[PDB]
Ligand SMILES: CCN(CC)c1ccc2c(C)c(CCNC(=O)NCc3cccnc3)c(=O)oc2c1
């Protein structure tokens, strides 16, 4: 029985080097190989290091593994830190009685550039109108930081019912996406001239407008 | 290197028994040790099984590993389900040439009644087309448990490139919502007879399709 101790969190700025340590509680670090895994929001982990210092193919050469016998530890060193490196990192070794994981280190990359959202408003599809539904969707993507406010309008008037906005989640570009959907009946959709989605990010507002088709 | 195929999700109420299968694509399951890792949401991984059926210290006997040579599969069975069992489970093996991980199974210990998603597929909006964008949105709402997998087809062929799926978030009705979007160019959109969004939830798969029209 041994455990692997790693910091719960570390922070660093783009282009700088960050190190994550993983201390083995009992026995020598060098007696068993160490793996490192990266995990991003909402996805399975990938392997970034195995056998202490080997990178699988696909893994940026900015990732380096090492062992320090005299602090009985393993380290993951990420140089030229990119925004995309923001993730959880787990160290892993073996007890022959077990596969042992460290507790995970959340790596925060500070000072990531602000990014205004792309907003696309979709009117109701034919299929859903045929099933007596007129849900509108406002796709909001590629924004940072991951907080927005969404308001809807029926013509010029504020919409007070039937809005849902998803919790922004980080996508592969390390920027956020959400959808806001307004669950109208067909009669509400066709009784108005238009509906608008209004997205405010970092005190900037984007408003899109859709209207019942001439079809 | 072979694949390990696991179901996307499983769910049961507390005190029930659930089994998670992991099928080896080629070679013999018994050629190589199968490990099972548990990852509770927001936690580090933990080994629950190694060497097909060995439980590490502290893993209760409610967890059982097995092999079926005839089906070339490994199974993890969890009896007397507890809420702390809610986790992703991954099987793992090797052929020396490399470590192979299964894709993970989400195990929900049911906290509320199951709810099949409403799935709505939106074709490109006029305004985004004028911006040379043919992004499609697949809106997925009112579902429980909060685990879905989304696959996109161009005609009949799977699409990988350009797919982003948001992490499911709990809406005002205590059910989950998510969206998947496929960043097409108008070129790609118009060059196919149709695009489909396939949503899998609890082993039911629904598929919506949209096709370029005009008016
Ligand atoms: C939770 C138990 N662990 C140990 C930390 C897991 C569990 C699973 C894996 C898998 C699947 C792979 C193989 C590569 N990973 C992978 O493809 N993950 C999904 C993904 C896909 C594309 C981009 N980012 C993530 C992998 O390399 O490592 C894994 C580690």
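Residue numbers (the entry's author numbering), protein chains in the order written: chain B, 1 to 9, 11 to 27, 27A to 27B, 28 to 66, 66A to 66B, 67 to 106, 106A, 107 to 168, 170 to 200, 203 to 214; chain A, 1 to 9, 11 to 27, 27A to 27B, 28 to 66, 66A to 66B, 67 to 106, 106A, 107 to 168, 170 to 200, 203 to 214.
Just so it is clear, CB atoms sit at the ideal spot from N, CA and C, and this is done for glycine as well.
query                                                                                                                                                                       : result
How is residue 129 of chain B classed by DSSP in three states: helix, strand or coil?                                                                                       : coil
Per DSSP, what are the beta-bridge partners of residue 75 of chain B in this structure?                                                                                     : B:19, B:62
With a 10 Å radius around its C-beta and 16 neighbouring C-beta atoms as the bar for buried, classify residue 126 of chain A as buried or exposed.                          : exposed
Given that a residue counts as buried once 16 or more other Cβ atoms are within 10 Å of its Cβ, and exposed if not, what is residue 112 of chain A?                         : exposed
Go through its chain and collect everything with a Cβ distance to residue 187 of chain B's Cβ below 7 Å, but skip five positions before and after it.                       : 211
Please report the distance separating the alpha-carbon of residue 190 of chain B from that of residue 146 of chain B.                                                       : 20 Å
Which class does residue 37 of chain A belong to by DSSP, given the choice of helix, strand or coil?                                                                        : strand
Which residues, in chain order, does the stretch 41 to 59 of chain A contribute to contact with chain B at a C-beta distance below 8 Å?                                     : 42, 43, 44, 45, 46, 49, 55, 56
Tell me which residues share the same chain as residue 46 of chain B and place their Cβ nearer than 7 Å to its Cβ, disregarding the 5 neighbours each side in the sequence. : 34, 36, 55
List, in order along the chain, the chain B residues whose C-beta lies closer than 8 Å to that of residue 133 of chain A?                                                   : 116, 118, 133, 135, 176
Cutting at 6 Å between CB atoms, please list the residues of its own chain near residue 68 of chain A, excluding the five before and the five after it.                     : none
I want to verify the contact list: residues of chain A whose CB lies under 8 Å from the CB of residue 165 of chain B, in sequence order.                                    : 162, 163, 165
Is the beta carbon of residue 139 of chain A less than 8 Å from the beta carbon of residue 178 of chain A?                                                                  : no
Please classify residue 38 of chain A as buried or exposed, where buried requires at least 16 neighbouring CB atoms within 10 angstroms.                                    : buried
When DSSP labels each residue in this structure, what does residue 80 of chain B get in the three-state scheme?                                                             : helix
I think residue 214 of chain A touches residue 134 of chain B, with their Cβ atoms under 8 Å apart; what is that distance to the nearest whole Å?                           : That pair is no contact at about 23 Å.
Which two residues bound the contiguous alpha helix (DSSP H) that contains residue 188 of chain B?                                                                          : 183 to 188
Answer yes or no: does any C-beta atom of chain B fall closer than 8 Å to that of residue 101 of chain A?                                                                   : yes
Would residue 82 of chain B be called buried (16 or more neighbouring beta carbons within 10 Å of its own) or exposed?                                                      : buried
For ligand 1, I want to know if residue 62 of chain B counts as a neighbour, meaning its beta carbon is within less than 7 Å of at least one of the ligand's heavy atoms.   : no
What is the chain-ordered set of residues for which the beta carbon lies under 5 Å from any non-hydrogen atom of ligand 1?                                                  : B:36, B:42, B:43, B:44, B:45, B:46, A:36, A:38, A:44, A:87, A:98
Within its chain, find whatever has a CB closer than 6 Å to the CB of residue 87 of chain A; leave out the 5 residues flanking it on each side and keep chain order.        : 36, 98, 99, 101
Look at the Cβ atom of residue 75 of chain A, then the Cβ atom of residue 24 of chain A, and state whether they are nearer than 8 Å.                                        : no
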